[PDB]
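Visitor: The structure that follows is given in the form of structure tokens.
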Amino acid sequence: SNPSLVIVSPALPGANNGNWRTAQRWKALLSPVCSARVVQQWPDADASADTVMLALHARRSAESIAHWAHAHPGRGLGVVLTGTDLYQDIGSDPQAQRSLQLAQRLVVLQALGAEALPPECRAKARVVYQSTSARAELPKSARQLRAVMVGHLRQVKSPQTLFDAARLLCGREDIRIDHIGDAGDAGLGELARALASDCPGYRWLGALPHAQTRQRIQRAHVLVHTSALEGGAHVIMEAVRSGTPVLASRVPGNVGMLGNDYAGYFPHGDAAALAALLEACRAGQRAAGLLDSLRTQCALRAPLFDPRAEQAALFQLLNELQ
Ligand SMILES: CC(=O)N[C@H]1[C@@H](OP(=O)(O)OP(=O)(O)OC[C@H]2O[C@@H](n3ccc(=O)[nH]c3=O)[C@H](O)[C@@H]2O)O[C@H](CO)[C@@H](O)[C@@H]1O
Numbered sequence: 002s003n004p005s006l007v008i009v010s011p012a013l014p015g016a017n018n019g020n021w022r023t024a025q026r027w028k029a030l031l032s033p034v035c036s037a038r039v040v041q042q043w044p045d046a047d048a049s050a051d052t053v054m055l056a057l058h059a060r061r062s063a064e065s066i067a068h069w070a071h072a073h074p075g076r077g078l079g080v081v082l083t084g085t086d087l088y089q090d091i092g093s094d095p096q097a098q099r100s101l102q103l104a105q106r107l108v109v110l111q112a113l114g115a116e117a118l119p120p121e122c123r124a125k126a127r128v129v130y131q132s133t134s135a136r137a138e139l140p141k142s143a144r145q146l147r148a149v150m151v152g153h154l155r156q157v158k159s160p161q162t163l164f165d166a167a168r169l170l171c172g173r174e175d176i177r178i179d180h181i182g183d184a185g186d187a188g189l190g191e192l193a194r195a196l197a198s199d200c201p202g203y204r205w206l207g208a209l210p211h212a213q214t215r216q217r218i219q220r221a222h223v224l225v226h227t228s229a230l231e232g233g234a235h236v237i238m239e240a241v242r243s244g245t246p247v248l249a250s251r252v253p254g255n256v257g258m259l260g261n262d263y264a265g266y267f268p269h270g271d272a273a274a275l276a277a278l279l280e281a282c283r284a285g286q291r292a293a294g295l296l297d298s299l300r301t302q303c304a305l306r307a308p309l310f311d312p313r314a315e316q317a318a319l320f321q322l323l324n325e326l327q
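Here the sequence shown stands for residues 2 to 286, 291 to 327, numbered as in PDB author numbering.
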């Protein structure tokens, strides 16, 4: 019969974040060829019928990955490198390192991912670009530039780069920055609140439901993403597949999503560089404007994030694991 797949996600069930989104999307995409379930840890009371595991995060799921590898030595294990593992933990973390060794297949979420893996792990590495539904590209007003950034506030999102750019632009009534995401890591929420009180063109909206967040991404002239690292960020896909161009920090996770030739990168942590891009976007608002050049480049990336493509890549992965 068809495989019994268990997806391990460290997200809380129903959480509005990437780790929950991937796991629930992979379950939907794989459902026509297998019996699929999502858990936070393995084993559980239903563990005896599972034949394949896809485990997100080499460190956060290392305990379930180890359980699987001990119960199924050399068979049925895929480890998904969701970001903070690939670009932080696998360097020094012995649990992350063991997960890498035990996996039958490693999944990276964009083309550059395997460059961060040990060379001995590259033969068993598999690229699975993520997917999102498209939204109609909307005509937008030339009267103002409205940027949006989306990420639950934590240090890896480097939200200070956005706060520092919003400060450089404090006086520009013709440039608006909306920031969507909960106040997680200590004091980042306080920084956003203080900035919003000083610089009215900057608004921190807190966490928003995914529906409303996709509507905000679709309506913004540009999405800004400042991260220190990303596995391959859902928010960048969401923008691209809405016809909303991106300004992103030049880090491998972002480069993997937007392309080596993309004209909308700033150096990581360079607030002045990001504020200069926002000024260019605004100056451009006929054709030849930076926003138009970036929408052209993003439109060439949009077919990467087709759910039919992700599904075909997952079908191949599952065939390799059973
Ligand atoms: C730092 C890092 O490596 N991040 C990874 C993390 O996702 P992480 O959760 O950090 O970030 P993503 O951008 O990929 O996912 C956030 C998701 O939550 C939604 N959202 C967020 C905040 C908010 O207030 N409202 C809202 O709806 C966004 O629209 C998006 O769908 O795991 C994902 C895979 O599992 C990877 O794709 C990401 O690269």
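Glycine included, each C-beta is placed from N, C-alpha and C at the ideal position.
Under the three-state reduction of DSSP, which class applies to residue 21: helix, strand or coil?
Guide: Helix, per DSSP.
Visitor: How close, in whole Å, do the beta carbons of residue 6 and residue 80 come, if the pair is a contact with beta carbons under 8 Å?
Guide: At roughly 14 Å, the Cβ-Cβ gap does not stay under 8 Å, so residue 6 and residue 80 are not in contact.
Visitor: CA-CA distance, residue 3 and residue 324?
Guide: Their backbone Cα atoms lie some 10 Å apart in a straight line.
Visitor: So, helix, strand or coil for residue 311, using DSSP?
Guide: Of the three classes helix, strand and coil, the one that applies to residue 311 here is coil, per DSSP.
Visitor: In chain order, what are the residue ranges of uninterrupted beta strand (DSSP E) at least 3 long that sit wholly in the region 126 to 209?
Guide: 126 to 128, 146 to 151, 176 to 181, 203 to 207, all fully within the region 126 to 209.
Visitor: Name the two residues that bound the continuous alpha helix (DSSP H) containing residue 299.
Guide: Element bounds for residue 299: 295 to 306.
Visitor: Thinking C-beta only, is residue 10 closer than 7 Å to residue 66?
Guide: No, the pair does not count as a contact, with Cβ atoms beyond the cut-off.
Visitor: Specify, as a first and last residue, the run of the beta strand (DSSP E) that residue 103 falls within.
Guide: Where residue 103 is concerned, there is no enclosing beta strand (DSSP E), although the alpha helix (DSSP H) it sits in stretches over 95 to 103.
Visitor: Does ligand 1 have a heavy atom nearer than 6 Å to the CB of residue 22?
Guide: True, at least one ligand heavy atom lies under 6 Å from that Cβ.
Visitor: Entirely within the region 45 to 110 and at least 3 residues each: give me those beta strand (DSSP E) ranges in chain order.
Guide: As far as the region 45 to 110 is concerned, its whole beta strand (DSSP E) runs of at least 3 residues are 53 to 57, 78 to 82, 106 to 109.
Visitor: For residue 252, which three-state DSSP category applies?
Guide: Note: residue 252 maps to coil in three-state DSSP.
Visitor: When you compare each of 36, 310, 39 to residue 234 by their alpha carbons, which one comes out closest?
Guide: Checked all of 36, 310, 39; the closest Cα to residue 234 is 310.
Visitor: What's the gap between the Cα of residue 285 and the Cα of residue 143?
Guide: Near 9 Å, if we compare the C-alpha coordinates of residue 143 and residue 285.
Visitor: Anyone know if the C-beta pair for residue 209 and residue 178 falls short of 7 Å?
Guide: No.
Visitor: Measure from the alpha carbon of residue 271 to the alpha carbon of each residue in 298, 226, 236, then state which is nearest.
Guide: Closest option to residue 271, Cα to Cα, is 226.
Visitor: Closer than 7 Å by C-beta to residue 122: which residues in its own chain qualify, once you throw out the five before and the five after it? Chain order, please.
Guide: Excluding sequence neighbours, residue 122 sits near 101, 107.
Visitor: Can you give me the C-alpha to C-alpha distance between residue 90 and residue 97, rounded to a whole angstrom?
Guide: C-alpha separation (whole angstroms): 6 Å.
Visitor: Kindly indicate the opening and closing residues of the beta strand (DSSP E) around residue 226.
Guide: Counting along the chain, the beta strand (DSSP E) containing residue 226 begins and ends at 223 to 226.
Visitor: By Cβ distance, which residues of its chain are closer than 7 Å to residue 257, with the 5 residues on each side in sequence left out?
Guide: 111, 112, 113, 114, 233.
Visitor: Do you know whose CA, among 264, 24, 74, 192, lies nearest residue 326's CA?
Guide: Of 264, 24, 74, 192, the residue nearest in Cα terms is 74.
Visitor: Beta carbon of residue 255, beta carbon of residue 249: below 7 Å?
Guide: Cβ distance < 7 Å, so residue 255 and residue 249 count as in contact.
Visitor: Buried or exposed for residue 313, please, with buried defined as at least 16 other CB atoms from any protein chain shown within 10 angstroms of its CB.
Guide: Classification of residue 313: exposed, given that the 10 Å Cβ count is below 16.
Visitor: With respect to 6 Å, is the separation between the Cβ of residue 235 and the closest non-hydrogen atom of ligand 1 below this value?
Guide: The answer is yes for residue 235.
Visitor: Grab the span of the alpha helix (DSSP H) containing residue 124 for me, first residue to last.
Guide: Careful: residue 124 lies outside any alpha helix (DSSP H) and carries neither H nor E.
Visitor: For ligand 1, any of its heavy atoms closer than 6 Å to the Cβ of residue 162?
Guide: Answer for residue 162: no, Cβ out of range of ligand 1.
Visitor: Residue 272 by DSSP, collapsed to three states: which one?
Guide: Residue state, collapsed to three classes: helix.
Visitor: What's the gap between the Cα of residue 72 and the Cα of residue 237?
Guide: Going from the Cα of residue 72 to the Cα of residue 237 covers about 38 Å.
Visitor: Classify residue 31 as helix, strand or coil using the three-state DSSP reduction.
Guide: Helix, per DSSP.
Visitor: Kindly indicate which three-state DSSP category residue 242 falls into: helix, strand or coil?
Guide: Of the three classes helix, strand and coil, the one that applies to residue 242 here is coil, per DSSP.
Visitor: Hey, is the region 196 to 206 in contact with the region 117 to 132, meaning 3+ C-beta pairs nearer than 8 Å?
Guide: Cβ pair count under 8 Å is below three, so no.
Visitor: Would you tell me roughly how many angstroms separate the C-alpha atoms of residue 170 and residue 278, rounded to the nearest one?
Guide: If you take the alpha carbons of residue 170 and residue 278, they lie about 12 Å apart.
Visitor: Verify the contact flag: residue 214, CB atom, against every heavy atom of ligand 1, threshold strictly below 6 Å.
Guide: Under cutoff, so the answer is yes.
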